Amino acid sequence: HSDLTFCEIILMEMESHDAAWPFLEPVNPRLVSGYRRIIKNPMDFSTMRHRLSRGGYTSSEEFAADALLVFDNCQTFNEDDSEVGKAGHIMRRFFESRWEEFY
Ligand SMILES: CCc1c(-c2csc(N3CCNC[C@@H]3C(=O)NCCc3ccno3)n2)[nH]c(C)c1C(C)=O
Ligand SMILES: [Mg+2]
């Protein structure tokens, strides 16, 4: 319960972050050639929000696993100097820095 309220705060803060715009919704593979082929386990903030809403996270470590997946997928598919890659580095650094000043 302490673990979960922290996840609510971090997710709320990532959802409203300026650099969150690539990660608010699932990537549409119909619009992104090669995405289905390369990214085996898609993840985004709204899927995390839904899982948290239905109580599908048992511990904060599962939440952090999903967050890290978002940024791992991002760095796998996008160039570091791409518009999406640049936002993903800002969001990843934000998440890591928020996570550790809680744990
Ligand atoms: C690069 C695609 C991507 C996004 C993402 C979400 S909105 C968005 N933008 C919309 C405005 N114009 C620039 C860019 C874009 O090209 N949208 C069309 C493709 C699309 C939209 C939604 N789904 O596909 N980009 N987020 C991640 C993690 C991505 C990848 C490839 O990893
Ligand atoms: Mg990692």
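These numbers come from the heavy atoms of this one structure, side chains and all, not from hydrogens, waters or symmetry mates. Sequence positions, counted from 1, serve as the residue numbers for this chain.
Under the 4.0 Å criterion applied to side-chain N and carboxylate O atoms, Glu83 and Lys86 are assigned as salt-bridge partners.
The hydrophobic clustering, which links ILVMFWY residues whose side-chain heavy atoms are closer than 4.5 Å, places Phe94 and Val84 apart. No continuous path of ILVMFWY side-chain contacts below 4.5 Å connects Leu69 to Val27, so the two sit in separate hydrophobic clusters. When hydrophobic clusters are built by joining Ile, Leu, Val, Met, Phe, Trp and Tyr residues whose side-chain heavy atoms come closer than 4.5 Å, directly or via intermediates, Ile90 is not grouped with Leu68.
For the pair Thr47 and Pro26, the tightest heavy-atom approach, listed with the atom from each and the gap, is OG1-CG, 4.3 Å. What you find for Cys74 and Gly85 is that their closest heavy atoms are SG-CA, 4.2 Å. Here the closest heavy-atom approach between residue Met12 and residue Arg49 is recorded as N-NH2, 3.8 Å. Contact record, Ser60 with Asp3: OG-OD1, 3.3 Å, taken as the closest heavy-atom pair. When every heavy atom of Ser82 is checked against every heavy atom of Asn78, the shortest pair comes out as OG-CB, 3.5 Å. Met48 and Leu11 make their closest contact through C-CD2, 4.2 Å (heavy atoms, listed as atom of the first residue, atom of the second, distance).
Summarising the hydrophobic clusters (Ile, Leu, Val, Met, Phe, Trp, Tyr; side-chain heavy atoms under 4.5 Å, direct or chained), the residues clustered with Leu4 are none.
Between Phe95 and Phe71, the ring planes lie tilted relative to each other; the angle falls in the 30° to 60° range. Using cut-offs of 30° and 60° for the angle between ring planes, the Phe23 and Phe45 rings count as tilted.
Atom-to-atom distance recorded for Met91:CE and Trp21:CH2 is 12.0 Å, nearest 0.5 angstrom. Atom NE2 of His17 is separated from atom CD1 of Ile10 by 13.0 Å, given to the nearest 0.5 angstrom. Atom SG in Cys7 sits 9.5 Å away from atom CZ in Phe102 (nearest 0.5 Å).
Applying the salt bridge (charged side-chain N to carboxylate O under 4.0 Å, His left out) rule to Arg51 yields the partners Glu62, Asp66; only residues at least two apart in sequence or on another chain are considered.
Contact annotation: the side chain of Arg98 never approaches that of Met14 to less than 4.5 Å [non-hydrogen atoms, C-beta and beyond]. Proximity of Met43 to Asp72: side-chain heavy atoms (C-beta onward) are nowhere separated by under 4.5 Å.
By the 6.0 Å contact criterion, CG on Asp18 is open, its count of non-hydrogen atoms from other residues, nucleotides or ligands being 12 or less. Residue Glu79 places its CD atom among 12 or fewer non-hydrogen atoms of other residues, nucleotides or ligands, all under 6.0 Å distant.
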Contacts table for residues 31-39: side-chain donor-acceptor under 3.5 angstrom, sequence neighbours left out:
none

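The backbone N or O of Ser46 lies less than 3.5 Å from a partner atom in the side chain of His50, making a donor-acceptor pair.
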